[PDB]
Every structure is written in structure tokens, then in C-alpha cells.
$ cat work.txt   # compact mmCIF, C-alpha atoms
# COMPACT_ATOMS: atom_id res chain seq x y z
CA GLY R 1 -51.01 -45.29 143.08
CA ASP R 2 -50.53 -43.99 139.53
CA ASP R 3 -47.45 -42.00 140.68
CA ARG R 4 -45.61 -45.10 141.94
CA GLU R 5 -46.56 -46.97 138.77
CA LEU R 6 -45.18 -44.02 136.72
CA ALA R 7 -41.94 -44.04 138.71
CA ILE R 8 -41.49 -47.81 138.23
CA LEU R 9 -42.06 -47.31 134.49
CA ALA R 10 -39.63 -44.33 134.30
CA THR R 11 -36.98 -46.32 136.20
CA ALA R 12 -37.37 -49.36 133.93
CA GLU R 13 -37.00 -47.27 130.79
CA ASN R 14 -33.88 -45.57 132.25
CA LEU R 15 -32.23 -48.88 133.22
CA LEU R 16 -33.06 -50.53 129.86
CA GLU R 17 -30.76 -47.96 128.23
CA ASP R 18 -27.82 -49.55 130.03
CA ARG R 19 -28.59 -53.27 130.12
CA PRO R 20 -31.06 -55.92 128.92
CA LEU R 21 -34.11 -56.75 131.05
CA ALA R 22 -32.39 -59.98 132.14
CA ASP R 23 -29.66 -57.90 133.86
CA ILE R 24 -32.18 -55.60 135.62
CA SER R 25 -33.58 -56.89 138.89
CA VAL R 26 -36.84 -56.26 140.71
CA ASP R 27 -34.64 -54.78 143.48
CA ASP R 28 -33.12 -52.48 140.85
CA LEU R 29 -36.58 -51.31 139.76
CA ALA R 30 -37.88 -50.92 143.31
CA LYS R 31 -34.83 -48.93 144.41
CA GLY R 32 -35.01 -46.61 141.42
CA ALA R 33 -38.71 -45.96 142.01
CA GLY R 34 -38.12 -45.30 145.74
CA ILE R 35 -40.29 -48.24 146.83
CA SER R 36 -39.88 -51.61 148.53
CA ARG R 37 -39.85 -54.94 146.71
CA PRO R 38 -43.30 -55.96 147.99
CA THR R 39 -44.75 -52.56 147.07
CA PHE R 40 -43.35 -53.17 143.55
CA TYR R 41 -45.25 -56.45 143.39
CA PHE R 42 -48.51 -54.66 144.27
CA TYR R 43 -48.23 -52.68 140.98
CA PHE R 44 -46.58 -55.28 138.69
CA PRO R 45 -46.33 -59.07 138.89
CA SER R 46 -42.92 -59.20 137.17
CA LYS R 47 -40.27 -57.07 135.48
CA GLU R 48 -41.55 -58.55 132.20
CA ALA R 49 -44.97 -57.06 132.98
CA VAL R 50 -43.25 -53.67 133.39
CA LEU R 51 -41.77 -53.97 129.86
CA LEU R 52 -45.17 -54.99 128.48
CA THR R 53 -46.64 -51.79 129.91
CA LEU R 54 -43.78 -49.64 128.59
CA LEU R 55 -44.15 -51.23 125.14
CA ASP R 56 -47.92 -50.69 125.25
CA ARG R 57 -47.35 -46.99 126.07
CA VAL R 58 -44.83 -46.48 123.20
CA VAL R 59 -46.98 -48.39 120.68
CA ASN R 60 -50.08 -46.41 121.74
CA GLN R 61 -48.11 -43.20 121.25
CA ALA R 62 -47.24 -44.19 117.66
CA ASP R 63 -50.85 -45.30 117.01
CA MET R 64 -52.30 -41.97 118.25
CA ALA R 65 -49.91 -40.01 116.03
CA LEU R 66 -50.72 -42.18 112.99
CA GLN R 67 -54.42 -41.73 113.69
CA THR R 68 -53.96 -37.90 113.71
CA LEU R 69 -52.11 -38.10 110.42
CA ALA R 70 -54.81 -40.26 108.88
CA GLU R 71 -57.42 -37.78 110.05
CA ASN R 72 -55.80 -34.76 108.36
CA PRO R 73 -56.43 -34.16 104.62
CA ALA R 74 -53.85 -36.26 102.73
CA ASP R 75 -50.27 -35.28 101.81
CA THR R 76 -48.85 -32.62 99.65
CA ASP R 77 -47.10 -34.68 96.95
CA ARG R 78 -47.32 -38.51 97.19
CA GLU R 79 -43.69 -38.89 98.17
CA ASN R 80 -43.97 -36.32 100.89
CA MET R 81 -47.16 -37.99 102.15
CA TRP R 82 -45.34 -41.26 102.70
CA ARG R 83 -42.28 -39.53 104.16
CA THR R 84 -44.46 -37.79 106.78
CA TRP R 85 -46.18 -41.13 107.50
CA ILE R 86 -43.06 -43.29 107.90
CA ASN R 87 -41.54 -40.44 109.92
CA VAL R 88 -44.10 -41.04 112.69
CA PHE R 89 -42.64 -44.56 113.22
CA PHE R 90 -39.04 -43.24 112.94
CA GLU R 91 -39.59 -40.48 115.52
CA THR R 92 -41.84 -42.36 117.95
CA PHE R 93 -39.79 -45.59 118.18
CA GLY R 94 -36.50 -43.72 117.73
CA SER R 95 -37.38 -41.65 120.80
CA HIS R 96 -37.68 -44.87 122.82
CA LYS R 97 -34.86 -47.01 121.50
CA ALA R 98 -34.28 -48.96 124.75
CA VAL R 99 -37.93 -50.01 125.05
CA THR R 100 -38.13 -50.74 121.29
CA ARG R 101 -35.02 -52.94 121.48
CA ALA R 102 -36.26 -54.74 124.62
CA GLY R 103 -39.77 -55.23 123.18
CA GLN R 104 -38.42 -56.69 119.93
CA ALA R 105 -36.37 -59.26 121.90
CA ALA R 106 -39.40 -60.09 124.08
CA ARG R 107 -41.67 -61.06 121.14
CA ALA R 108 -39.84 -64.41 121.01
CA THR R 109 -40.58 -65.22 124.68
CA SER R 110 -43.82 -63.34 125.41
CA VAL R 111 -47.19 -64.06 123.80
CA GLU R 112 -48.53 -60.75 125.19
CA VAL R 113 -45.72 -58.74 123.54
CA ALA R 114 -46.15 -60.73 120.31
CA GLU R 115 -49.94 -60.03 120.34
CA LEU R 116 -49.51 -56.31 121.13
CA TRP R 117 -47.14 -55.92 118.19
CA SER R 118 -49.27 -58.05 115.84
CA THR R 119 -52.43 -55.98 116.54
CA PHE R 120 -50.56 -52.73 115.82
CA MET R 121 -48.97 -54.06 112.64
CA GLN R 122 -52.24 -55.58 111.31
CA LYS R 123 -54.02 -52.23 111.81
CA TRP R 124 -51.47 -50.08 109.97
CA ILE R 125 -50.91 -52.71 107.28
CA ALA R 126 -54.69 -52.70 106.63
CA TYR R 127 -54.61 -48.90 106.53
CA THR R 128 -51.66 -48.96 104.07
CA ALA R 129 -53.47 -51.42 101.80
CA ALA R 130 -56.63 -49.24 101.86
CA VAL R 131 -54.54 -46.23 100.86
CA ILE R 132 -52.85 -48.18 98.01
CA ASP R 133 -56.36 -49.28 96.84
CA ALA R 134 -57.58 -45.68 96.83
CA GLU R 135 -54.49 -44.59 94.85
CA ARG R 136 -55.27 -47.29 92.27
CA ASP R 137 -58.97 -46.33 92.25
CA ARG R 138 -58.10 -42.70 91.44
CA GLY R 139 -55.58 -43.75 88.75
CA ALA R 140 -52.59 -42.50 90.75
CA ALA R 141 -51.00 -45.99 91.07
CA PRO R 142 -50.94 -49.07 88.75
CA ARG R 143 -52.73 -52.30 89.66
CA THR R 144 -49.72 -54.54 90.30
CA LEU R 145 -49.37 -56.77 93.42
CA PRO R 146 -52.33 -57.43 95.71
CA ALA R 147 -52.38 -54.27 97.87
CA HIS R 148 -52.46 -56.13 101.21
CA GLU R 149 -49.46 -58.31 100.33
CA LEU R 150 -47.48 -55.29 99.10
CA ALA R 151 -48.50 -53.37 102.25
CA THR R 152 -47.40 -56.27 104.45
CA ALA R 153 -43.89 -56.52 102.95
CA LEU R 154 -43.32 -52.75 103.01
CA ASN R 155 -44.33 -52.47 106.65
CA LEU R 156 -42.21 -55.47 107.60
CA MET R 157 -39.26 -53.83 105.78
CA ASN R 158 -39.88 -50.67 107.84
CA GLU R 159 -39.97 -52.66 111.06
CA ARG R 160 -36.69 -54.53 110.46
CA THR R 161 -34.86 -51.59 108.84
CA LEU R 162 -35.80 -49.00 111.48
CA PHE R 163 -34.99 -51.33 114.36
CA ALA R 164 -31.64 -52.40 112.89
CA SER R 165 -30.78 -48.71 112.35
CA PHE R 166 -31.77 -47.68 115.90
CA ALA R 167 -29.62 -50.43 117.33
CA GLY R 168 -26.61 -49.76 115.07
CA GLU R 169 -26.80 -53.41 113.97
CA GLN R 170 -24.24 -54.68 111.50
CA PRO R 171 -25.67 -54.45 108.78
CA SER R 172 -27.95 -51.44 108.98
CA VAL R 173 -28.82 -48.27 107.06
CA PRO R 174 -27.37 -45.22 108.88
CA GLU R 175 -30.10 -43.62 110.99
CA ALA R 176 -29.61 -40.38 109.04
CA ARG R 177 -30.30 -42.18 105.73
CA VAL R 178 -33.09 -44.51 106.81
CA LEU R 179 -36.10 -42.29 106.00
CA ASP R 180 -34.91 -41.50 102.46
CA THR R 181 -34.20 -45.20 101.89
CA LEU R 182 -37.62 -46.48 102.98
CA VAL R 183 -39.47 -43.66 101.20
CA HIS R 184 -37.75 -44.48 97.90
CA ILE R 185 -38.68 -48.17 98.17
CA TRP R 186 -42.32 -47.32 99.10
CA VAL R 187 -42.80 -44.80 96.27
CA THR R 188 -41.16 -46.97 93.56
CA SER R 189 -42.95 -50.20 94.59
CA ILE R 190 -46.35 -48.52 95.01
CA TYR R 191 -46.36 -46.13 92.03
CA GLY R 192 -43.97 -48.00 89.72
CA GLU R 193 -45.27 -49.94 86.70
CA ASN R 194 -44.47 -53.65 86.62
CA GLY A 1 -16.99 -89.18 116.20
CA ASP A 2 -18.55 -87.35 113.25
CA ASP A 3 -21.45 -89.88 113.22
CA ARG A 4 -22.48 -89.13 116.81
CA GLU A 5 -22.17 -85.40 116.14
CA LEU A 6 -24.41 -85.85 113.04
CA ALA A 7 -26.98 -87.78 115.08
CA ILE A 8 -27.06 -85.10 117.80
CA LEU A 9 -27.56 -82.48 115.08
CA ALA A 10 -30.31 -84.52 113.32
CA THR A 11 -32.09 -85.06 116.67
CA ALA A 12 -31.93 -81.36 117.56
CA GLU A 13 -33.38 -80.31 114.22
CA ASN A 14 -36.19 -82.90 114.59
CA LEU A 15 -37.09 -81.77 118.14
CA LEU A 16 -36.97 -78.05 117.21
CA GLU A 17 -39.93 -78.72 114.90
CA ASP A 18 -42.07 -79.47 117.95
CA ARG A 19 -40.83 -77.10 120.64
CA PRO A 20 -38.45 -74.19 121.32
CA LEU A 21 -34.87 -74.91 122.40
CA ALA A 22 -35.81 -73.94 125.96
CA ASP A 23 -38.23 -76.91 126.10
CA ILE A 24 -35.64 -79.38 124.70
CA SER A 25 -33.28 -80.90 127.24
CA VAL A 26 -29.76 -82.27 126.96
CA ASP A 27 -31.33 -85.61 128.03
CA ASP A 28 -33.77 -85.24 125.12
CA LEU A 29 -30.89 -84.70 122.68
CA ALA A 30 -28.76 -87.50 124.12
CA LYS A 31 -31.64 -89.98 124.04
CA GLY A 32 -32.55 -89.13 120.46
CA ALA A 33 -28.95 -89.51 119.34
CA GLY A 34 -28.61 -92.86 121.16
CA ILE A 35 -25.87 -91.57 123.48
CA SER A 36 -25.39 -90.81 127.18
CA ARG A 37 -25.47 -87.32 128.67
CA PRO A 38 -21.70 -87.21 129.29
CA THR A 39 -20.99 -88.47 125.76
CA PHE A 40 -23.18 -85.56 124.53
CA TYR A 41 -20.99 -83.14 126.45
CA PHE A 42 -17.87 -84.52 124.73
CA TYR A 43 -19.26 -83.28 121.37
CA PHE A 44 -21.11 -80.10 122.45
CA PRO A 45 -20.81 -77.90 125.54
CA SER A 46 -24.51 -76.93 125.54
CA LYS A 47 -27.77 -77.33 123.61
CA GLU A 48 -27.22 -73.71 122.48
CA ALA A 49 -23.94 -74.81 120.90
CA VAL A 50 -25.90 -77.47 118.99
CA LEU A 51 -28.21 -74.77 117.55
CA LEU A 52 -25.20 -72.64 116.62
CA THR A 53 -23.82 -75.56 114.62
CA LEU A 54 -27.18 -76.27 112.96
CA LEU A 55 -27.53 -72.57 112.05
CA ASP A 56 -23.97 -72.52 110.71
CA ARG A 57 -24.77 -75.55 108.50
CA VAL A 58 -28.00 -73.99 107.10
CA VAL A 59 -26.36 -70.59 106.52
CA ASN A 60 -23.37 -72.25 104.80
CA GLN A 61 -25.80 -74.14 102.58
CA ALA A 62 -27.45 -70.88 101.46
CA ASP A 63 -24.03 -69.23 100.98
CA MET A 64 -22.75 -72.09 98.78
CA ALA A 65 -25.86 -71.93 96.60
CA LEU A 66 -25.62 -68.13 96.27
CA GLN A 67 -21.95 -68.48 95.36
CA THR A 68 -22.88 -70.96 92.56
CA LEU A 69 -25.49 -68.55 91.27
CA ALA A 70 -23.04 -65.67 91.31
CA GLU A 71 -20.56 -67.79 89.40
CA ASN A 72 -22.94 -68.60 86.53
CA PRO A 73 -23.40 -66.03 83.71
CA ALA A 74 -26.10 -63.59 84.89
CA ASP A 75 -29.89 -63.96 84.55
CA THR A 76 -32.15 -64.16 81.63
CA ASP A 77 -34.28 -61.03 82.08
CA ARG A 78 -33.51 -58.76 85.10
CA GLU A 79 -36.68 -59.75 86.92
CA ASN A 80 -36.02 -63.41 86.47
CA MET A 81 -32.42 -62.92 87.65
CA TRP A 82 -33.60 -61.51 90.96
CA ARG A 83 -36.36 -64.11 91.30
CA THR A 84 -33.81 -66.93 90.92
CA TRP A 85 -31.55 -65.16 93.44
CA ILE A 86 -34.15 -64.50 96.16
CA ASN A 87 -35.43 -68.04 95.56
CA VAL A 88 -32.17 -69.46 96.97
CA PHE A 89 -32.98 -67.84 100.36
CA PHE A 90 -36.67 -68.91 100.14
CA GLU A 91 -35.80 -72.56 99.39
CA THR A 92 -32.77 -72.95 101.66
CA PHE A 93 -34.26 -71.35 104.81
CA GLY A 94 -37.76 -72.60 103.98
CA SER A 95 -36.38 -76.15 103.96
CA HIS A 96 -35.14 -75.63 107.54
CA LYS A 97 -37.91 -73.63 109.15
CA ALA A 98 -37.36 -74.97 112.69
CA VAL A 99 -33.66 -74.07 112.71
CA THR A 100 -34.37 -70.70 111.02
CA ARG A 101 -37.01 -69.86 113.64
CA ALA A 102 -34.76 -70.98 116.53
CA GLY A 103 -31.73 -69.12 115.13
CA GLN A 104 -33.69 -65.88 114.71
CA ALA A 105 -34.80 -66.03 118.36
CA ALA A 106 -31.22 -66.79 119.47
CA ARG A 107 -29.71 -63.64 117.90
CA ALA A 108 -31.06 -61.66 120.87
CA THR A 109 -29.28 -63.87 123.44
CA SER A 110 -26.23 -65.20 121.58
CA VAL A 111 -23.34 -63.08 120.29
CA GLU A 112 -22.11 -66.06 118.21
CA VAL A 113 -25.49 -66.42 116.46
CA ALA A 114 -25.68 -62.65 115.98
CA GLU A 115 -22.15 -62.62 114.45
CA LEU A 116 -22.82 -65.62 112.18
CA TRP A 117 -25.91 -63.92 110.79
CA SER A 118 -24.22 -60.50 110.48
CA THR A 119 -21.29 -61.95 108.47
CA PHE A 120 -23.68 -63.67 106.05
CA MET A 121 -25.87 -60.60 105.63
CA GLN A 122 -22.90 -58.21 105.15
CA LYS A 123 -21.49 -60.47 102.41
CA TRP A 124 -24.70 -60.74 100.36
CA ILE A 125 -25.60 -57.10 100.94
CA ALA A 126 -22.16 -56.12 99.56
CA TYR A 127 -22.75 -58.45 96.60
CA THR A 128 -26.21 -56.91 95.99
CA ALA A 129 -24.77 -53.38 96.07
CA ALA A 130 -22.01 -54.39 93.60
CA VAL A 131 -24.66 -55.80 91.26
CA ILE A 132 -26.77 -52.60 91.53
CA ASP A 133 -23.59 -50.56 90.76
CA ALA A 134 -22.89 -52.66 87.67
CA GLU A 135 -26.51 -52.23 86.49
CA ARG A 136 -26.09 -48.45 86.85
CA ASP A 137 -22.68 -48.57 85.12
CA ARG A 138 -24.19 -50.35 82.09
CA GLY A 139 -27.18 -47.95 81.99
CA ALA A 140 -29.67 -50.64 82.99
CA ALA A 141 -30.66 -48.90 86.27
CA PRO A 142 -30.94 -45.19 87.29
CA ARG A 143 -28.57 -43.62 89.83
CA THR A 144 -30.99 -43.09 92.71
CA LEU A 145 -30.22 -44.12 96.35
CA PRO A 146 -26.70 -45.08 97.40
CA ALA A 147 -26.48 -48.72 96.24
CA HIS A 148 -25.28 -50.09 99.60
CA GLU A 149 -28.11 -48.44 101.55
CA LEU A 150 -30.71 -49.64 99.03
CA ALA A 151 -29.15 -53.14 99.14
CA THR A 152 -29.26 -53.13 102.94
CA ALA A 153 -32.97 -52.27 103.18
CA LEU A 154 -33.98 -54.77 100.48
CA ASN A 155 -32.09 -57.61 102.13
CA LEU A 156 -33.48 -56.72 105.54
CA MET A 157 -36.99 -56.73 104.00
CA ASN A 158 -36.26 -60.22 102.62
CA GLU A 159 -35.07 -61.43 106.01
CA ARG A 160 -38.12 -60.20 107.96
CA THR A 161 -40.68 -61.04 105.24
CA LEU A 162 -39.41 -64.58 104.55
CA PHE A 163 -39.12 -65.43 108.24
CA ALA A 164 -42.58 -64.05 109.08
CA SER A 165 -44.02 -66.07 106.16
CA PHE A 166 -42.27 -69.31 107.20
CA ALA A 167 -43.59 -68.95 110.71
CA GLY A 168 -47.15 -68.03 109.67
CA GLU A 169 -46.79 -64.86 111.76
CA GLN A 170 -49.73 -62.50 111.97
CA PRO A 171 -49.11 -60.37 109.83
CA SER A 172 -47.26 -62.14 107.03
CA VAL A 173 -47.35 -62.54 103.25
CA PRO A 174 -48.64 -66.05 102.36
CA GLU A 175 -45.67 -68.32 101.65
CA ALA A 176 -47.08 -68.93 98.15
CA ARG A 177 -47.06 -65.17 97.41
CA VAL A 178 -43.81 -64.18 99.09
CA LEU A 179 -41.43 -64.57 96.12
CA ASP A 180 -43.60 -62.51 93.76
CA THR A 181 -43.96 -59.83 96.45
CA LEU A 182 -40.24 -59.42 97.16
CA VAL A 183 -39.30 -59.60 93.47
CA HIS A 184 -41.71 -56.77 92.62
CA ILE A 185 -40.28 -54.54 95.36
CA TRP A 186 -36.67 -55.32 94.29
CA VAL A 187 -37.27 -54.68 90.57
CA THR A 188 -39.28 -51.45 91.09
CA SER A 189 -36.88 -49.97 93.69
CA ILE A 190 -33.74 -50.92 91.75
CA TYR A 191 -34.82 -50.14 88.17
CA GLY A 192 -37.47 -47.49 88.89
CA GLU A 193 -36.79 -43.79 88.26
CA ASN A 194 -37.10 -41.50 91.26
$ encode --input "work.txt" --output "C-alpha cells"
Amino acid sequence: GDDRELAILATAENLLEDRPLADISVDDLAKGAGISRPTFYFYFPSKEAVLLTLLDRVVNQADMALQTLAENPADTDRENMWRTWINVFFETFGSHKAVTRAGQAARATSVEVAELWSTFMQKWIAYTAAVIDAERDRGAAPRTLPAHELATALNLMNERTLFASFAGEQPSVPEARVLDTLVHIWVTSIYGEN
Amino acid sequence: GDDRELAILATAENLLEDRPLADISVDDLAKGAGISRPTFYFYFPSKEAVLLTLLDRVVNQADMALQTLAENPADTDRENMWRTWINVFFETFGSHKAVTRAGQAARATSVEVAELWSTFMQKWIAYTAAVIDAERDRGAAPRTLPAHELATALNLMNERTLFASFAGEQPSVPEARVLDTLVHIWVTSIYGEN
């Protein structure tokens, strides 16, 4: 069973590179996976449910990598620490642009997609705030904005900026400049006096 | 003619407070405006076209206010200058939350909405970069990131952060804290050494 599910998921990710989910049919997905339409419906209720699963897989991948990072002793310098951290988002989502793009669009129409994304964001925002607090506690960063509010805006910047870059949106930061850009804003706003 | 158009537009904005565009019908819009369905279709081809016009009106309102600001002699202090500037976006879009929310959703499905927003963003990003350049030229700010790339990320942060706040998204910065948050990030990233 898991093999057919995997093939449906691989097909959907391949087709999402070429067109939106609205222009991909259940027949398209079934054909690509080498199954019939009713066999498709045994594994997934809808093509939307397929996207939800793909998004869950990509988000889980980012989460697992961020968890490994958090578990290693911190950084080398503070700037490099944050670069390595933001890089996990850049590489994970940038390696699944089609799913990322589709998932972002789906948040507006799907409560499940919206909740999946919200849970992920809340977790890594809370982590970011805890890190900022610890930096302040050790005298490495000044006590400026409430850490959770600062953490929220910075992560939301990362979300919008990375996703615009991946998609080549007009306007966007070039993908090759996006890491340096975000890192600068993080380091200045976290460690800068104000 | 302009009166009936105005009434259609007022109705659409009122109904968008309560439900998405997908749950508002042409009959809903016609009834609210005191017109028939075919009279509606004389003024607008679709309910989507109604949203496009509403979004155009709100965006133009922000643009006109930003143009007035740009035309006045600059600031008092640098932080206050940026606060007053970002405030135009906060007040203009925050005074039309329903249309803002609907328009953001529509970017994914409408090339016209996507182009309207892109033109606006490109203009005020270019303006922001020009201001950063001038600050550097006068020795008020250090030459760090390329000004246009920095300007792009900061404006994209503002977009995502304001719109999440307006909508009470989880996660979001509280609406009452959003200005202070964005201003801090702008001032530190623009004027901070790095």
C-alpha cells in the first residue's frame, strides 16, 4: 500500500512543477502513479489531500533538520549561527519549490494547510524567542523589543522573502542574495542597540 | 452610472467583512446595490472584477498618501520618519481589512491582482532603496547590503507582518505592537553597522 501512496505523492510533486493543482486532475495523478482512478481514491480522498500530505512531508523534513541543529552545541560566531539556521529553511523549502508554492496558495482555501503551517511557525517562532531571551540573559544582546514579537516579525519576513525568491516574484531578492539579506536583518535587529 | 458602480463597490466591501468572495454571489451584490443581475453585469463582468476595482481603490489610496509624505520635507528624527512612513500602510490597509484579506488571497488566482500589487510594491521598494542610498550618501547610514535588496526584504516583511496582524493569524504580532516592531527592524537593519 505504502508504495502506491509513494508513487501518487511522487507524481503529484512532479506535475506541480508544471502547473497549479487546479490544472492537475485525479486522472493525471492516477495515470502517473500507474493506478486506476478508484484505486487512487482508496489512498486519498482528493487531489487536495495529496498536496496536504506532500506539504506535511516537506514541513516535517524542515522541522527534523531544525531539531538536529537545535540539539547541537550552538554556533560558531552569532552571525554564522543564524546563517546556518536560516539556511535550513532556504535549502529544505528551496528543494521543494513546487510543493512550497502550491502549499502557500492552499493556505487561503484549506484550514488543514493553514493549521499545518501555523503549528510549524509557532514552534520555531517560540524557539527563536527563547534563543533571543538567552542571548539577552548572557549579555550578548540588548533588551529592546519583546523577544516573541521580534521573533514573529523576523520569521514572517523569512517566510515571505524566501517564498517570493523561490518563485521569482516581482519584487523579490535574488535567490543567490537571499541568505545574506535575511541574516543581516536578523543580526542587526537582534544584536543592535535601539 | 458612477453611482450604481459606487453602490456595487460599497456592497462588496460590506459583504467581504462577513465571508470570502467565493461565498458572495452576484445576486448578493446586485441586491445590496439595489440593482438587477443584468444591470450588475453592465458595470462589472464578474464579482472578481469588483474585488479588483476595490483593491485598486485601496492601493491607490495608500499610494497617494505615500506620495504626499514623500513630497513633504523629510522626517524629524530618522526613527520617527520611518514610523510615519510605515504608518501610512498600517492605517490605509488596516482601514480596509476585508478588501486587503480578499486581495491577498486573490493574488494566487488572478494575474491582474498579482500585477496591481507588484507594481505598487516595486514603486515603494525603489523609493525605499533611493532613500537608503541618500542616507548612505550623507553619512547617516553605513554601506552594508545592496540598498535595493535590503529595501525588498524590509517591504516584504511589512507586507506579511501587517497582513498577518490584521487578520489575527496564528502567529502574528498584536496589531497594537506591529508598528513598533517593524520600525525597530527597519532602523536597526538600515542604520546598524555590520
$ interface_residues --input "work.txt" --of "chain R" --to "chain A" --cutoff "8 Å" --atoms "all atoms listed in the file" --output "PyMOL selection string"
chain R and resi 105+108+118+121-122+145+149-150+152-154+156-158+160-161+170-173+177+181-182+184-185+188-189+192-194
$ atom_distance --input "work.txt" --atom1 "atom CA of residue 48 of chain R" --atom2 "atom CA of residue 19 of chain A"
21.9 Å
$ closest_residue --input "work.txt" --among "R:99, R:86, R:51, R:59" --to "residue 18 of chain R" --atoms "all atoms listed in the file"
R:99
$ residues_around --input "work.txt" --residues "residue 70 of chain A" --least-positions-apart "3" --cutoff "12 Å" --atoms "all atoms listed in the file" --output "list in words"
residues 63, 64, 65, 66, 67, 73, 74, 75, 81, 82, 84, 85, 88, 124, 127, 128, 130 and 131 of chain A
$ atom_distance --input "work.txt" --atom1 "atom CA of residue 52 of chain R" --atom2 "atom CA of residue 116 of chain R"
8.6 Å
$ closest_residue --input "work.txt" --among "R:83, R:17, R:134, R:143" --to "residue 183 of chain R" --atoms "only C-alpha atoms"
R:83
$ closest_residue --input "work.txt" --among "A:36, A:147, A:96, A:167" --to "residue 10 of chain A" --atoms "all atoms listed in the file"
A:96
$ atom_distance --input "work.txt" --atom1 "atom CA of residue 29 of chain A" --atom2 "atom CA of residue 53 of chain A"
14.1 Å
$ closest_residue --input "work.txt" --among "R:49, R:2, R:97, R:25" --to "residue 112 of chain R" --atoms "only C-alpha atoms"
R:49
$ closest_residue --input "work.txt" --among "A:32, A:166, A:22, A:60" --to "residue 8 of chain A" --atoms "only C-alpha atoms"
A:32
$ closest_residue --input "work.txt" --among "A:37, A:98, A:92, A:175" --to "residue 12 of chain A" --atoms "all atoms listed in the file"
A:98
